[PDB]
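Next up, structure tokens for two forms of one chain, structure 1 and then structure 2.
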Structure 1
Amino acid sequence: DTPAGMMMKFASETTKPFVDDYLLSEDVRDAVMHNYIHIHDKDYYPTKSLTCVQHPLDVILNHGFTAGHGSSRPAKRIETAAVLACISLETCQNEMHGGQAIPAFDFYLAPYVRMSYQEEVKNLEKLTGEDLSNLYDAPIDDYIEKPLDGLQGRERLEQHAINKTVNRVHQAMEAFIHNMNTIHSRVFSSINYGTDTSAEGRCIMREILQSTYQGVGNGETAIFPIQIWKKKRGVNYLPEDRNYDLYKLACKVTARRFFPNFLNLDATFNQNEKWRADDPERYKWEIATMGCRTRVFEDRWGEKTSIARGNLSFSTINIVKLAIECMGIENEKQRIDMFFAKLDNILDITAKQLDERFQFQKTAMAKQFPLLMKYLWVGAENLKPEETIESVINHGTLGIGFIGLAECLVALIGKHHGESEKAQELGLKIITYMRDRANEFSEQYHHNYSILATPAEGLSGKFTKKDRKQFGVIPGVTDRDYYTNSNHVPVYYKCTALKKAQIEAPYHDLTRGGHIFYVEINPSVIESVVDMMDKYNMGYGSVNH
């Protein structure tokens, strides 16, 4: 109970009551206290703050940032480039109410391994006068480390120059892990890597994979940052691929430290038509994600990219409450036919909730978000510091959620989708109907809408605690607490690894906002999980304990 916690707690409790009675609609706020819709991050509504963003780190490292009275200059070393990444992540956090992500962590910091190598290559000609003017552009397969025991030539001062760069990058990544793990006040951070096939890129991947195995402190396991591995055929999946070595190392780390996660880049819906293996800027047309299971890929009025975009707001739905309210009728054809009428009126209600906040997030000032509306958003750099930022906000995304499929799969047929085949077919109808209605609203409201599988990181037992107080204790529904996740097989049901994958697989295509796959337990038991993610279309996956 620090003073910082007691200050934000007061702020949170004095802002939500004002939001409900002065900033919402009588039609929408009616369902926000009736166990139908949960408006995420309601305490930050009066501040016109967006949720999360993928940082375009190339615009800050090349030309410095000038926020407030603090002015910086272009970086020239690995040490100063890694720190500026933390500064950007810790500064934009005070302007947005969600998480911060770095897409293409390998791509972004790759050039500054080269610059730090040229600095050493001219601090060794000072002691030893030599015209070493060719190591600037010398191709290097990778930067490796080995004993300097036996060498009597230029290589002994060449391999040593590589030898001291890895440690100067080794400490730079160890400081990155500790610095993002020391939350003093009261910071959610995520990094994705794996798709860069160069010497500079591969140096970053190994040196942060070996610092998440030793741990923080006296051997403790770190919690932040959240690390994600990007898997693509032809690069790092098959044994013949270039980065197969670094794929078989991340599975060893996950067997003792439970990181990183795995992102399936084939996925039949993560593909793009302007991705080439020879493009220096090919990282634009690749999917990146955060630890909150958020996807921002497509665009109805722009190019298909994820950099410099993000989420604006999202809300969660209670599909269990509708199903429980539909009991009593005997015939099964009418209970199911009444469920979809109770879902149409809440999807339309949710859609107006997002639009009413889109207008409020408009008419803002670019100076309310320093370092965001000047360097981080797509349409910035074309606005005076006060000119009503409106022509850059249309590229964001809006989300609609749901929770508790298994419980609503036992309120109409009696058995959930882990012990019945009739229960699995009805599960794809209660989801594919929601996906279709998002396209109608996006054309109607002139925006981007999507369907989300909510992480339930702040909604663990809010719905079931109040559902018990209304209807009672119903066997199999309100008798366990802790509603199951989006569509997962219940944790109290004995199921094998394979049978769990065949059931949760089809739903990932329908939900374009986010999804995950969880397995609870040698690295062989970890690679077999990733194999299940290729035999079917998965997208995201995680193994923990």
Structure 2
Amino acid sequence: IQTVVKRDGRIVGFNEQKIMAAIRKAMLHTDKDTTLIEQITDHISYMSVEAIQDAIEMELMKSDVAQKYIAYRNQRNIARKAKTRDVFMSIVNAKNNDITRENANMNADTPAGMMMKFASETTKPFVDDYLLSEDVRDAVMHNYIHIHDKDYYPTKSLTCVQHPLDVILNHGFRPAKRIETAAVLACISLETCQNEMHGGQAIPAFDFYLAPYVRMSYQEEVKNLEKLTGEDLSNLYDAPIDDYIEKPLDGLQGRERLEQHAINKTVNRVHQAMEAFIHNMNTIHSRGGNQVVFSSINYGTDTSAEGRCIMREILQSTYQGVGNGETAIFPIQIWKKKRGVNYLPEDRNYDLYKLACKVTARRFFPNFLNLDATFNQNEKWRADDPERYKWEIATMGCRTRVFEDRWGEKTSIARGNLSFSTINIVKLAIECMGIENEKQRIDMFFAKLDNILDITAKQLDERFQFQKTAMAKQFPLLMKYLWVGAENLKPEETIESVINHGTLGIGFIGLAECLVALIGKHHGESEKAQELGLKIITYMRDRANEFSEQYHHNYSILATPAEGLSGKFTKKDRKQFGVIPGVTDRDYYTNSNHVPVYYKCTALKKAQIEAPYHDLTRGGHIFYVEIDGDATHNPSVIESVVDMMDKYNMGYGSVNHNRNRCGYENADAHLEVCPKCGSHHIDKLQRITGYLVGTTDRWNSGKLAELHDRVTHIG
């Protein structure tokens, strides 16, 4: 009799005095009594509010009021969601708004790209309101903690993994027997697991995996040559080859001519296969919202002829380019350095190294990874045991490092990352800028940071608990072959007992402003700021270790590469607290543990100031170095940076320059008219946080100002 729940969830009484008020309101002006209203009230008096409305309609119809009743309800039910309509119209019309450029690699104009924005915008509120806890929600609402790749939470999707590419090639999913077959199987495997993850893929040992097939190609070539001209060349199968070099046939005869011909035709096929592989991972737009698969490759630690044959071919292909002398945006290539193998002039591969340098002085790649840097070393590494690639460090895309373990064996193959979240420190500092006692200021800062860290750890543990319940069959390829503990679980079982072999990351942003917006100067010009910065980082590392010991997981600190986050906190902070000089007068925040870009400094000082942090940030780091356009010709400068890196303890590097873009990619400082193409279109090619990004139109609206303020360390 009395059960009325007005929409929402409130439980209220049946007043019975407004059901007449509303009907009277609907008849104020419709041309067309009190008795009829009383009869309707009596009839209805004989529940869910919404439903009953329909009955009311008929009571009005059987008597100019029904049309005046549903119309108003629909006209008010539509104005309640006039905020989503604006964003939907913005997406449909494909305008350059802040909500369509959060990722500079996608293309939102195409229907495929346009179909991802709706899913992201519809799935963010769901995870916000129905999955997270209350403390985490309140922390996130106030712009303190950030969750990365939030709009994948319900899918239970991991981030990155290193591919073991020996089971796939050997057993297939038929076995390969030529160079091209393996070269295509690699691409197939890479694109069939960037559909079960939201991060990137890396291949740690290119040479050690693709070497044993050049021998098979040579054997097939010799067999064909013997078939043509009847002879017995059986002995010339296991012939020790020092190098797979090519020479013109300018005068020779007998079996030597046949052997030289076989070598030449085995080299050409490898060159073709490598070129095809490069061209395959740069145009097949097949990864999701109209993207290219995020792929990286490792090499530089092999001595056999085949390995040194593959490296030379891939480097030559990269130098040559794709198209009319253009530059390939993918894959990411990183060179591995180790004294006694590559660096010293007496070592076996020092001639391929003095080249990586020449290529990197032209095409932005490869980068350099410093092995045995006092934390990348290992104890089970024998130089005479097939140059073990298992006991070596490999780096995934966007400054990610996974090398340490606590309940297994120290390796980097068949393991990856599960999630990582970021903590804002600028707001904590600015919240305590009204005190004069420095000791109390620092103590309050530390207390607040301690408070935030526990919430972050709880959030990571909650996400891990949610991911633990995923089924095996949701990841067919990534849970049968490519993982450190697969091959012993059915497709109708959980992955609870094979998931703990992973890493969790805690990051930070703006250490060049947070701890130094409270003091006179930053860590690039004041000697005393370095001590405070190192104290903060050490405190964070100690708390991370304590959390690892507590929750039974693997926590690590990381320098978050900010792409869409470079201008997200700044706007809200400026709106709330206003404008403070040298803190929030830039529209962007300097990346983690990095000197401000707009501060002029030489390479030596920058390296010395950014060196000690790399030991603490044991989840990822980087050391950028700009170079002017006229010093991009000499491949001598990329050798300073590397020896400077080696002198101190650093584990990652790169070099960047400006590049204007028929496709005449001239590197001069400024260009007016292209030499060949008369079109005025002249774009710029550079990197944002670890990958090159097209032209200066598909960028974020907040990180573009950073590109206009970079300074050119000359070397």
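Here the rigid core means the biggest group of C-alpha atoms that line up within 1.5 Å when the two forms are laid on top of each other. Reference numbering: structure 1, starting with residue 1.
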| note | The mover among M434, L383, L135, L249 between the two structures, judged by a CA shift of 2 Å or more on the rigid core, is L135
| By how many angstrom is the Cα of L412 displaced between the two structures when the rigid core is overlaid? | 2.2
| query | Relative to the superposed core, what is the Cα shift for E281 between the two structures, in Å? | reply | 6.4
| remark: The CA shift of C495 between the two structures, rigid core aligned, in angstrom, is 0.3
